[PDB]
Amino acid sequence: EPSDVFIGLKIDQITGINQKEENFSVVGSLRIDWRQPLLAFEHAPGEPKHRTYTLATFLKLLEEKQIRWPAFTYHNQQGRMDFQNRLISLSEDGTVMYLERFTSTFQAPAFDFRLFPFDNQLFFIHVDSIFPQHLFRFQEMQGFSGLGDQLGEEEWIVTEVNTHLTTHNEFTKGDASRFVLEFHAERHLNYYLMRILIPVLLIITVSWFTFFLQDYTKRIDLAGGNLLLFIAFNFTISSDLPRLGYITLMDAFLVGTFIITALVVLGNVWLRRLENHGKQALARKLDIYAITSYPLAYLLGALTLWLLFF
């Protein structure tokens, strides 16, 4: 019949989440408990009941004994996995206890930036068996898997963590076991508030103050630079993310500021054209719409994206 292989995986550190590259990096420990009766050994009185091996001399021992080990792969792994510890402890019984401490980057293919920066994402690690379920069946090692207390991440905040077993058909026709460690994390909005919301709101508010000067030309020059500032901010936000084929809530907000600013230019050009054509008195009356449009326009726009996305 098939031998049960117990998989445990604990993430100790989140060394970073790279959203631009849709990957994350962690320091973690993998724990395997697999009982192979052929590995059983007799000991003379006094000598150890538990043999401890390096991985290299353990695999070599398996090859001599013609024993197949539950060869596994981190399916969503990326690049190099720098190992710290790869140790085996073998009991009289045949109970092999394996520990693998590593640092690695993993694929984050579940990334959805539609609501960025208000988004919540799913990150996971797939531990696949190369051999099919008729030889080795993966089971959940009980008191081990999950995320630590000192992960070191400052922007993301883990909302929930889960482990579950399933199947894959990567190398074989028959189903093969897959252990999954999943977690969900959401953003600490402070960065976004401090670096984007407050500067953008400041530019808008202090620019509106200048309307009380009743200089239409001065408004035009101001809305002109404001438009460039928003174009600049637009590039800075573009930097954090991949070259997505879809519109972000952030993109919508930025395109929104462009449109209002464009109309601010357009409108004040008209008011200055009235002034120029000897209808200065009229420009002055209409100016009340000009002054009160500006705040309403941005507030209307803000409710529009909020409805349009939530």
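Numbering starts at 1 and follows the sequence shown.
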| query | finding |
| --- | --- |
| 74 to 82 versus 99 to 107 - which carries the larger mean C-alpha B factor in the record | 99 to 107 |
| Which of 42 to 50 and 250 to 258 has higher mean CA B factor, as the PDB entry lists it | 42 to 50 |
| Residue of maximum C-alpha B factor among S145, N190, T205, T236, per deposited coordinates | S145 |
| Top Cα B factor in the deposited entry, candidates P199, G174, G152, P117 | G174 |
| Modelled-residue ranking by C-alpha temperature factor, third containing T217 | lowest |
| Within-chain third of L30 by Cα B-factor, per the entry | middle |
| Third of the chain, ranked by Cα B-factor, where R272 sits | lowest |
| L299, C-alpha B-factor rank within chain (lowest, middle or highest third) | highest |
| Chain thirds of CA B-factor: placement of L122 | middle |
